[PDB]
Structures are given as C-alpha cells and as structure tokens.
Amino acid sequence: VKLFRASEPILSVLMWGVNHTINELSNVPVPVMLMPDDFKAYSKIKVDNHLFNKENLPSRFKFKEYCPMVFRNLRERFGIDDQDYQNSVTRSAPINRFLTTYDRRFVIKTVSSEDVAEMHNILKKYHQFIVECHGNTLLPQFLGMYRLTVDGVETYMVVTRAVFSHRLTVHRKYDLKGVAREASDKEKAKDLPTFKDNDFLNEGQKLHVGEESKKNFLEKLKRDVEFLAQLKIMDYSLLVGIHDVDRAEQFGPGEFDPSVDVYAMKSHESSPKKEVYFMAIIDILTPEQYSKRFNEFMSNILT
C-alpha cells in the first residue's frame, strides 16, 4: 500500500510515475528487438483528481516517460529487474537536485532540456554499445528518463545505477578527469570530501587491485572512452570511492555482492591497507584528445 509520501510533491509524483509506468509496462510484451520508433517514443499521462487522493499527491500533475521500451531493455541488459527498480523508487521517498532511492541503489539526477536532447541524440548508439559489450562497461547505466510536471513547472530526471555501494561506507572519493584541479577550501571540510586529480597524484595515493583486475578495468576503460570519443563527448570524470575496511570494522566488513555493487573491486593480497574500490565513469551528457588524456591518467593509478 504505497502512499508516495515525500518531503516534496515532485518526489511523490516521481514515486507515483515510476510505479505507474513500470506497472503499465508489465502488460506490454517484451519484443524480439527494439525498433527505430522506440527511440522516438514516449508515454504521457496527465492526472487531474478533483477532491480525491490528495493527501500525498498533488491533484494535477503530468508524468512523461521517454522511450520506455529502450530503457526497459536497458534495465534487463544491466541485470536489473523491473520490480526491484520499481520497489526501490516507490517503497520510500528518495533522499538527498541529486537523489538516491532510499536503499542507495539508484541515483536520480535532475537534468536540463538539452541533457534530455543529448540523451536522445546518443541513445541508439549507446544501446548498440551496451548490447555489443554485453552490458560490461564503466559508463553510466541509464535506467529511465522522465519529465515531471508539477504546479506548471516541468522537471527532467535521469536514473542511473548508483556508483558507490549501497552498503559499504565510502571514506574517500576522487572526481578525476586527467590543467589545475584540486579541492577548494570551501569543500575541503565536510563529512564527505570530493577530491580531484591534483590532490590525488600529489597525495601519492594508489589503488592496489592486482594485475588481474587491471586487466578487466583498463580493457573496459579503453573501449568505453573510445566510444565516448566517436560520440564526440568530453568533460566526463572517473568517480572513485575508497572503503577502508578497518575504519568501519570499528555481517562481515569488506563483504559485498558483486551482482549488486557492480563497480566494486577487492584489493590484492600483495597490498598495504585493506580496502574496496568503486570506480566508474560519470557525467557523459554534453575529442580523441580528452579520451587519450583520460585513459593515460587512469592507467597510472592501477598497480
């Protein structure tokens, strides 16, 4: 019995809409292939409830879903079950726009009109890419794209699989791009410090994962950025989280489900401090240069 109780009507509508659309798709046969129109399709539903159901939801709102067939396919290829997705969004209000489902499994980012256009611009090539690499990638995993309309105001959203574990606490992150980029004094003091490539290399920090993972990671990181190039995109960073097992050891720690924390990596026997690294590409909605720059700076962290 979902109330869609949220700190904000936009959120409730989001819960309502994700619920509605996922349900609706369950009466829609999974097809043998996606079609060209699927990339131009959408669903729109306008609600107008006079004097009814007003406790959590607005009375009047719109909810549009972009390319529901493509994104539903994307979910499967990413090994995400629609009813899990749905339950993550609808069972409890997402939290802190940049949100996560209450179970830290999915991220919900507000985006712009042009973001949504760029998404449409690259979606067929990105689907084709997901297919070809069998969903094995460091790229953002796009699960859904929506436009909510509440009080006349349109709001765009994009849902990705979270980068950081939904369980194992991160203790240090690093937004990396491969100029001058450090952490500002106005940020350097906070529960979660978001670093950058300068404060990293100068910090003599490395990620010890074994040559066996360097092989998977790089062999992926290469085809991924090569793909972003051919799409003539740039400014994408490499989000990197560290989880020192001890700091939290203070059921087991360092324990995680690779099928859920898809971005996680164990350190190697032949390594110093014992930790879990979370690594993926972020911010891809916007040269062969940026690519090879990126690739190089990131190869150097993997020993």
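A residue's number is simply how far along the shown sequence it sits, counting from 1.
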Q.
Missing residues between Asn96 and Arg97 in the deposited sequence, please: none, 1 to 3, 4 to 9, or 10 or more.
A. 4 to 9
Q. Taking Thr286 and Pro287 as adjacent modelled residues, how many residues of the deposited sequence between them have no coordinates (none, 1 to 3, 4 to 9, 10 or more)?
A. 10 or more
Q: Determine, for stretches 69-77 and 107-115, which one has the higher mean CA B-factor as deposited.
A: 107-115
Q. Averaging C-alpha B-factors over each stretch, which comes out higher, 229-237 or 152-160?
A. 229-237
Q) Looking at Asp257, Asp38, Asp244, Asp48, which has the biggest Cα B factor in the entry? A) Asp244
Q. Out of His120, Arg167, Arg147, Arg91, which residue has the highest Cα temperature factor in the PDB record?
A. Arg167
Q | Assigned third (lowest, middle, highest) for the C-alpha B factor of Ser26 | A | lowest
Q: Tell me, lowest, middle or highest third: where does the Cα B factor of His134 rank within its chain?
A: middle
Q: Could you look up the Cα B-factor of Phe61 in the entry and say which third of the chain it sits in: lowest, middle or highest?
A: lowest
Q | Chain-relative CA temperature factor third for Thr100 | A | middle
Q. Ranked by Cα temperature factor within the chain, is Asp224 in the lowest third, the middle third or the highest third?
A. middle
